[PDB]
Amino acid sequence: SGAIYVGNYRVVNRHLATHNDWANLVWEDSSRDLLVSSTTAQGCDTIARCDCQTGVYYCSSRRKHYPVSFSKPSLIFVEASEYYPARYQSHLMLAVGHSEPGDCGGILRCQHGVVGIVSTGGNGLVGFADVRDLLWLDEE
Ligand SMILES: Cc1nc2c(CN3C[C@@H](C(N)=O)CCC3=O)c(F)ccc2[nH]1
Ligand SMILES: [Zn+2]
């Protein structure tokens, strides 16, 4: 589990969104595994607006933050899980690192801010849904 809290937005994995998220929906995209809902309180996270391909992510199944090198956002084939059939997920970045299904939502960040959240995994790989192209998170 986990979310990004930027401005009056809450960014979560679409497959983990709650009824309150769906009832206060701003934007969702199944192909990216992302959903954004509105919040009453202002959040403290800042979104990275950069080209970094190194950063650090939080792994709840180890209670640890790990440094990683990750690929550029791309269209990657992801195996079937409890939440999606086997399909192509867009704007996904891969790294070598530990992840279990409940690790989804952990933040990946660089010196510029939040880069994305854990969305996929297995066999010593971890995949992150990028948010750096969602410029509208910084306003309105
Ligand atoms: C064996 C294994 N499968 C893992 C998944 C699979 N997965 C893919 C998600 C997606 N975005 O398609 C939907 C939810 C989900 O559980 C992880 F996300 C993380 C670690 C994993 N280890
Ligand atoms: Zn950066």
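Okay, so the sequence shown: first residue is 7 according to the deposited numbering, each after it adds one. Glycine included, C-beta positions come from ideal geometry on N, C-alpha and C.
Beta-carbon proximity of residue i to residue j, cut-off 8 angstroms
{"i": "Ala54", "j": "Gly133", "result": "no"}
{"i": "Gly127", "j": "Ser105", "result": "yes"}
{"i": "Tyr15", "j": "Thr46", "result": "no"}
Candidates the options, of which the one nearest residue i by Cα
{"i": "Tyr64", "options": "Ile10, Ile113, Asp136, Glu145", "result": "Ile113"}
{"i": "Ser43", "options": "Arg20, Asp139, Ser67, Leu100", "result": "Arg20"}
{"i": "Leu40", "options": "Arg69, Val32, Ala47", "result": "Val32"}
{"i": "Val74", "options": "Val12, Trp28, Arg68, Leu100", "result": "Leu100"}
{"i": "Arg115", "options": "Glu88, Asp57, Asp144", "result": "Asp57"}
{"i": "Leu81", "options": "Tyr89, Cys110, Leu98, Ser87", "result": "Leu98"}
{"i": "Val102", "options": "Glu88, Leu131, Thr52, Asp136", "result": "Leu131"}
Pairwise C-alpha distance: residue j and residue i
{"i": "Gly61", "j": "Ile10", "result": "16 angstroms"}
{"i": "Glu146", "j": "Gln117", "result": "24 angstroms"}
{"i": "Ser77", "j": "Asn30", "result": "32 angstroms"}
{"i": "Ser96", "j": "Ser36", "result": "9 angstroms"}
{"i": "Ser66", "j": "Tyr94", "result": "25 angstroms"}
{"i": "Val84", "j": "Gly13", "result": "31 angstroms"}
N-terminal and C-terminal residue of the beta strand (DSSP E) that residue i is part of
{"i": "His97", "result": "93–102"}
{"i": "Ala135", "result": "131–136"}
{"i": "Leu140", "result": "No beta strand (DSSP E) contains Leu140, which DSSP labels as neither H nor E."}
{"i": "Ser125", "result": "119–128"}
task: Within the stretch 19–85, note down every full alpha helix (DSSP H) run reaching 4 residues or more, in order along the chain.
output: 25–29
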